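Trainee: quick one: initial chain(s) of a complex, as found there:
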Amino acid sequence: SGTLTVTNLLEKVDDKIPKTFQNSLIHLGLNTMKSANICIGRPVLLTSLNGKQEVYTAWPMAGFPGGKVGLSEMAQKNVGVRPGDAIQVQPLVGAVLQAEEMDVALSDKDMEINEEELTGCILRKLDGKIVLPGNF
């Protein structure tokens, strides 16, 4: 009742996924998502065996082999996931609130960058992303 198995995301299919949910997305089968009471568009919380966590958005896939959560490769690096492992998926009953101050630490150091339009690229491509300390 919560332990599923990871797989890669079905390719193509980019004309049936709304544009606001592009970079924050997992895919699930309809009977699996009906079983563990997850709704469409609501966030879910993912916990691995190492105790690393992530908050993403569910989409009805209508296809993925029943019992298979689909994640991208950045998610698999961020939680720490090889394809063929176990993961814990839960729905969120609490509250999500608007952030106002986010201390980010740049990794490495490329050309020091125009800061304000780097902030414009951050706030344009990442919108509605639920943040945790330690995520990339």
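Mentor: In hand now; what should we look at? Residues are numbered from 1 along each chain as shown, chains lettered A, B, ... in the order given.

Trainee: tell me which residues of the lengthiest strand in chain A are tucked away?
Mentor: Of all segments of type strand in chain A, defined using DSSP state E, the longest is strand A:53-60. Of the residues in strand A:53-60, A:53-60 count as buried by neighbour count, 16 or more other CB atoms under 10 Å. For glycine as for every other residue, the C-beta is placed from the backbone atoms N, C-alpha and C.

Trainee: Off-centre distance for that strand?
Mentor: 5 Å (CA atoms, centre = their mean, to the nearest Å).

Trainee: Repeat that for stretch A:42-55.
Mentor: Distance of stretch A:42-55 from its chain centroid, counting by CA atoms, centre = their mean, is 9 Å.

Trainee: what does that stretch rub up against?
Mentor: Stretch A:42-55 is contacted from outside by A:26, A:38, A:56-58, A:69, A:71, A:75, A:78-81, A:85-92, A:96, A:130, A:132, A:134-135, using CB atoms under 8 Å, 6 or more residues apart in numbering.

Trainee: how close does the closest residue to residue A:73 other than its chain neighbours get to residue A:27?
Mentor: Of all residues not flanking residue A:73 in the chain, residue A:8 sits nearest, at 7.9 Å (CB to CB, 6 or more residues apart in numbering). Remark: distance between residue A:8 and residue A:27 (CB to CB, to the nearest Å) = 10 Å.

Trainee: Have a look at the two and say which one is more surrounded.
Mentor: Comparing residue A:8 with residue A:27 by other CB atoms under 10 Å, the one with more neighbours is residue A:27, at 23 against 13.

Trainee: Let me see the contact set for the most centrally placed residue in chain A.
Mentor: Closest residue to the average C-alpha location of chain A: residue A:56 at 3.3 Å, with CA atoms, centre = their mean. Each residue near residue A:56 by CB under 8 Å, 6+ apart is listed here: A:24-26, A:43-44, A:46, A:75.

Trainee: Let's add chain B too:
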Amino acid sequence: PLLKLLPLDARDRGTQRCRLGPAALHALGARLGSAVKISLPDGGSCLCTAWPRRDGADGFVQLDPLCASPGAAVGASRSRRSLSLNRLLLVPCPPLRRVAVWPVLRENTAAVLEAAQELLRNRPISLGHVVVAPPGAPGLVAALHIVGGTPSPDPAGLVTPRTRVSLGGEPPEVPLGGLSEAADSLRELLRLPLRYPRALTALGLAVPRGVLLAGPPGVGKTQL
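Mentor: Putting chain B together with the chains above:
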């Protein structure tokens, strides 16, 4: 019970929507879109529509003041004040048949009347209230002041697509001495090109229009 105040999202800006939790909607007994009068903490009041939060969590209040008392747009929430629930009321809205508005235009009668009908379409409004146009609105009306109505919007009411819109109107420093001698020398020149509704076109010429002020740096020429 105390509820917090939060700044509004980018989808509630200019929509007249109040975002409440489910326990406050159970205590108010309101449906979706019903009229809620909010008595503000720093004086004044506003009128809003009740819509639920997506999260389902109770203990938070957001509000967008569009129909406001004049000089009561104090809904900025930097200091995070808390509102009590005893200050929100469920207000019945009968439909109206005639309104009376006074428009504040941006810097003919039919375009101003068409822009008033278009702004006030399907909204709850009260008496002595300013309706502010949203940013990016088409047209020329920037604000409306509500003056009167025949089913009497003192406990407020709803404009309908078949109501009538009519236009009435009733809107209810250092002196520096020492330059007195030269202050009126300026007026004996400049008063005559200030009382000119093309009257000097009709009879006369134009006294000069090109004055020059001179003096030492510090006698207060710019303040004159």
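
Trainee: related to what we said a few turns ago, could you check the longest strand of chain A against chain B for contacts?
Mentor: No - Strand A:53-60 lies out of reach of chain B by CB under 8 Å from any CB of the partner chain, never closer than 12.5 Å.

Trainee: repeat for stretch A:18-38
Mentor: No - legend: contact between stretch A:18-38 and chain B by CB under 8 Å from any CB is lacking; minimum distance shown is 11.5 Å.

Trainee: Can you get me the start-to-end distance on that stretch?
Mentor: Stretch A:18-38 has its terminal residues 18 Å apart, counting by CA to CA, to the nearest Å.

Trainee: what comes up buried for it?
Mentor: Using 16 or more other CB atoms under 10 Å in any protein chain shown as the test for burial, stretch A:18-38 gives A:24-29, A:32-33, A:38.

Trainee: Isn't residue B:56 up against residue A:93?
Mentor: Yes - under the criterion of CB atoms under 8 Å, residue B:56 makes contact with residue A:93 at 7.4 Å.

Trainee: higher neighbour count, the two?
Mentor: Neighbours were tallied for residue B:56 and for residue A:93 using other CB atoms under 10 Å in any protein chain shown; the higher tally belongs to residue B:56 (12 against 9).

Trainee: How about the contacts made by that one?
Mentor: Applying CB atoms under 8 Å, 6 or more residues apart in numbering or on different chains, we find residue B:56 in contact with A:93, B:21-22.

Trainee: Try it again at 10 Å.
Mentor: A:92-95, B:21-22 (CB atoms under 10 Å, 6 or more residues apart in numbering or on different chains).

Trainee: which of the residues you listed tops the neighbour count?
Mentor: residue B:21 (19 neighbours).

Trainee: mind adding chain C? sequence follows:
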Amino acid sequence: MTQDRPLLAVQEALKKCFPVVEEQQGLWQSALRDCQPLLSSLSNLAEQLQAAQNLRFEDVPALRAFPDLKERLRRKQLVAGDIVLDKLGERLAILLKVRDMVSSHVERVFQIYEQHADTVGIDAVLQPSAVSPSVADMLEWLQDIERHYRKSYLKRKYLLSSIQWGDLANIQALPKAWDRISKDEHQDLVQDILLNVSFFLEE
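Mentor: Placing chain C onto the earlier chains gives this:
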């Protein structure tokens, strides 16, 4: 059983309301795709008419055997301008019909909810599901669609009503103010709502 009929009365009203919005969105995109080469042609005619207005027709030494050329050339150029503008008023009438029937269907949905309001609770409206969003989300999205259609129609109507043949810098700037109207809106609004409600519609 007693409360079974009120909620399914609102749900078939939403099921009737959404494909109407899909059909008029297709009509709106066809009219907006038709409007652009007419505006480019009107900018070309404004260039030709300003270049004719700059010039004197007696100092040119070849053009003395035809001493009436200016009003004949001006008459033809302005007969082509009237053709383009009547074609443009036809596109504006198509956008008006789209706006009117979308607003009537949304008002019908809110009227049937107001009739069946107090029987169903708040908690039946707020409940989501694994195939469908809640009733309150879909009503809010319908209200957003109606407000977007009203605002875009009046912005395009006032831009089309400010065209005069005594000021010609306006006619050469019209082309980019139309693209600035189309770039200021919420991008991909109707398609995201229809993709969210398609699982509720097909079931």
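
Trainee: The contacts of residue A:56 again, this time with chain C added?
Mentor: Residue A:56 neighbours (CB under 10 Å, 6+ apart): A:21, A:23-26, A:43-46, A:69, A:71-72, A:75, A:89, A:129-130.

Trainee: One more pass at 7 Å, please.
Mentor: A:24-26, A:43-44, A:46 (CB atoms under 7 Å, 6 or more residues apart in numbering or on different chains).

Trainee: Show me what the closest residue to it other than its chain neighbours bridges to in the sheet.
Mentor: Excluding its sequence neighbours, the residue lying closest to residue A:56 (CB to CB, 6 or more residues apart in numbering or on different chains) is residue A:26, at 4.9 Å. Residue A:26 has the following beta-bridge partners by DSSP bridges: residue A:58.

Trainee: follow-up on the earlier one: quick one: the residue nearest to the centre of chain A from residue A:72, how far?
Mentor: Distance of residue A:56 to residue A:72, given as CB to CB: 10 Å.

Trainee: And the contacts of stretch B:210-223?
Mentor: Residues outside stretch B:210-223 that contact it (CB under 7 Å, 6+ apart): B:176, B:179, B:189.

Trainee: and with 10 Å instead?
Mentor: Under CB under 10 Å, 6+ apart, the answer for stretch B:210-223 is B:173-174, B:176, B:178-179, B:182, B:186, B:189-190, B:224.

Trainee: Could you tell me which of those residues belong to helices?
Mentor: Members of those lying in helices (criterion: DSSP state H): B:182, B:186, B:189-190.

Trainee: what's the closest of those residues to residue B:62?
Mentor: Nearest to residue B:62, judged by CB to CB, of the ones in helices among the contacts of stretch B:210-223 is residue B:190 at 52.0 Å.

Trainee: how many other residues sit next to the closest one?
Mentor: 13.

Trainee: dump the residue contacts of the closest residue to residue B:152 other than its chain neighbours.
Mentor: Of all residues not flanking residue B:152 in the chain, residue B:127 sits nearest, at 7.8 Å (CB to CB, 6+ apart). By CB under 10 Å, 6+ apart, residue B:127 lies in contact with B:100, B:146-149, B:152-157.
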